[PDB]
Amino acid sequence: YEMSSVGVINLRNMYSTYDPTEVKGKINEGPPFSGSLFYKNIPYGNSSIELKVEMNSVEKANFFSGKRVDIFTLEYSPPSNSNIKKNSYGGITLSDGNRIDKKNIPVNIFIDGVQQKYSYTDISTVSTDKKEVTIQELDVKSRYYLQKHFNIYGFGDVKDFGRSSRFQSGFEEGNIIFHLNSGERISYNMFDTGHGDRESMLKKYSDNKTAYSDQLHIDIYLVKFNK
Ligand SMILES: [Mg+2]
């Protein structure tokens with residue numbers, strides 16, 4: 001299955017365990033490199049890594065350059081290697097004045113329009129310590145909660161929904177919706193494997209899209225697999 005359906009396995013592995021790359025209050029090293037910013041000496045794996053954070057525009061990299069930021073991101077292997085250098089997309093928010101005590105984001109989970117249990121009193125409850133937070137951070141936290149409690153990507157402990165889909169789960173269709181106060185709806189297909197590789201699935205996050213953490217709710221619409 002890994003040889004001939006790698007996208008399913010890569011997507012599964014992206015969100016099934018919770019180990020985001022996080023830095024608090026750091027400044028990038030040297031000037032920006034077009035759309036990218038470098039952060040040195042981040043604890044990782046067997047030692048440390050230099051993290052190259054890419055955004056979708058020179059304007060964005062320039063904006064954050066020389067400012068303290070928090071990073072919350074999913075990294076990938078770049079573009080050769082080594083093991084002490086990793087790449088990522090977006091995940092950056094200004095540090096100064098952005099800290100708050102954990103704020104839970106309102107979350108609704110549906111299966112074919114039928115609301116499901118969701119706990120606000122857990123460690124993995126979707127929350128953030130940031131006034132302005134990236135959609136990437138909320139997506140990572142939400143999909144981890146989903147895998148933990150609904151086994152959407154397969155091979156988890158929850159057997160309630162079966163295992164018949166192409167993800168060896170109850171599901172192979174559904175969107176996560178970030179409803180901003182503005183009326184803007186950001187919608188991602190939760191079962192999109194992109195071009196099969198990890199990087200292709202992370203590129204969406206290059207927009208570094210943010211929301212205020214008390215100015216959105218998250219709706220998760222799963223479609224139960226029949227067949
Ligand atoms: Mg809604």
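Positions are given from 1, in the same order as the sequence printed here. All heavy atoms count here, side chains included; hydrogens, waters and symmetry mates do not.
Residues that satisfy the side chain to side chain contact (heavy atoms under 4.5 Å, CB included) test with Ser80, not counting sequence neighbours, are absent from this structure. Not a single salt bridge (charged side-chain N to carboxylate O under 4.0 Å, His left out) links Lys148 to another residue, sequence neighbours left out. Here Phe155 pairs with nothing under the ring-ring contact (aromatic ring centres under 6.0 Å, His included) rule; sequence neighbours left out. Residues that satisfy the ring-ring contact (aromatic ring centres under 6.0 Å, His included) test with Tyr205, not counting sequence neighbours, are absent from this structure. Residues meeting the side chain to side chain contact (heavy atoms under 4.5 Å, CB included) test with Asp214, sequence neighbours left out: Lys103, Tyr212. Residues satisfying the side chain to side chain contact (heavy atoms under 4.5 Å, CB included) test with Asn62, not counting sequence neighbours, are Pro32, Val58. Residues passing the ring-ring contact (aromatic ring centres under 6.0 Å, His included) test with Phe178 are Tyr188, sequence neighbours excluded. With sequence neighbours left out, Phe63 forms a ring-ring contact (aromatic ring centres under 6.0 Å, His included) with no residue at all. With sequence neighbours left out, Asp197 forms a side chain to side chain contact (heavy atoms under 4.5 Å, CB included) with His195, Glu199, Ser200.
Considering all non-hydrogen atoms of both residues, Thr73 and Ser88 come closest at OG1-CB, 3.4 Å. The two residues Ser169 and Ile152 come nearest to each other via the heavy atoms OG-O, 2.7 Å.
Side chains of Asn56 and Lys60: a donor-acceptor N/O pair is present below 3.5 angstrom, by distance only. For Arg12 and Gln168, the side-chain atoms include at least one donor-acceptor pair closer than 3.5 Å. If you check the side chains of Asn108 and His217, you find no donor sitting under 3.5 Å from an acceptor. Under 3.5 Å, the side chains of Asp70 and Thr93 contain no donor-acceptor pair of N or O atoms.
Remark: side-chain polar atoms of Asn87 are not paired, donor with acceptor, to backbone N or O of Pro78 under 3.5 angstrom.
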Hey, can you pull the donor-acceptor pairs under 3.5 Å for the side chains in residues 220-227, sequence neighbours left out?
{"from": "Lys224", "atom 1": "NZ", "to": "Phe161", "atom 2": "O", "distance (Å)": "3.4"}

Can I get a per-line list of side-chain donor-acceptor pairs under 3.5 Å for residues 122-132, giving both atom names and the distance, sequence neighbours left out?
{"from": "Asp122", "atom 1": "OD1", "to": "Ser119", "atom 2": "OG", "distance (Å)": "2.9"}
{"from": "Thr125", "atom 1": "OG1", "to": "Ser119", "atom 2": "O", "distance (Å)": "2.7"}
{"from": "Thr125", "atom 1": "OG1", "to": "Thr121", "atom 2": "N", "distance (Å)": "3.4"}
{"from": "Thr125", "atom 1": "OG1", "to": "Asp122", "atom 2": "N", "distance (Å)": "3.0"}
{"from": "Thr125", "atom 1": "OG1", "to": "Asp122", "atom 2": "O", "distance (Å)": "3.2"}
{"from": "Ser127", "atom 1": "OG", "to": "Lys102", "atom 2": "NZ", "distance (Å)": "3.2"}
{"from": "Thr128", "atom 1": "OG1", "to": "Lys130", "atom 2": "N", "distance (Å)": "3.3"}
{"from": "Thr128", "atom 1": "OG1", "to": "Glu137", "atom 2": "OE2", "distance (Å)": "2.9"}
{"from": "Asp129", "atom 1": "OD2", "to": "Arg99", "atom 2": "NH1", "distance (Å)": "2.9"}
{"from": "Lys130", "atom 1": "NZ", "to": "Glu137", "atom 2": "OE1", "distance (Å)": "2.8"}
{"from": "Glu132", "atom 1": "OE2", "to": "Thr210", "atom 2": "OG1", "distance (Å)": "2.7"}

Only distances under 3.5 Å count here; give the side-chain donor-acceptor pairs of residues 38-50 to other protein atoms, sequence neighbours excluded, each with its distance to 0.1 Å.
{"from": "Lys40", "atom 1": "NZ", "to": "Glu50", "atom 2": "OE2", "distance (Å)": "3.1"}
{"from": "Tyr44", "atom 1": "OH", "to": "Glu75", "atom 2": "OE2", "distance (Å)": "2.4"}

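Taking a 6.0 Å sphere around CD1 of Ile100, one finds it holds more than 12 heavy atoms contributed by other residues, nucleotides or ligands.
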Assess whether ring-ring contact (aromatic ring centres under 6.0 Å, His included) is satisfied between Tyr89 and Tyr76, documenting all intermediate values. CA-CA 9 Å; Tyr89 285 105; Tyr76 68 96; 5.6 Å; yes
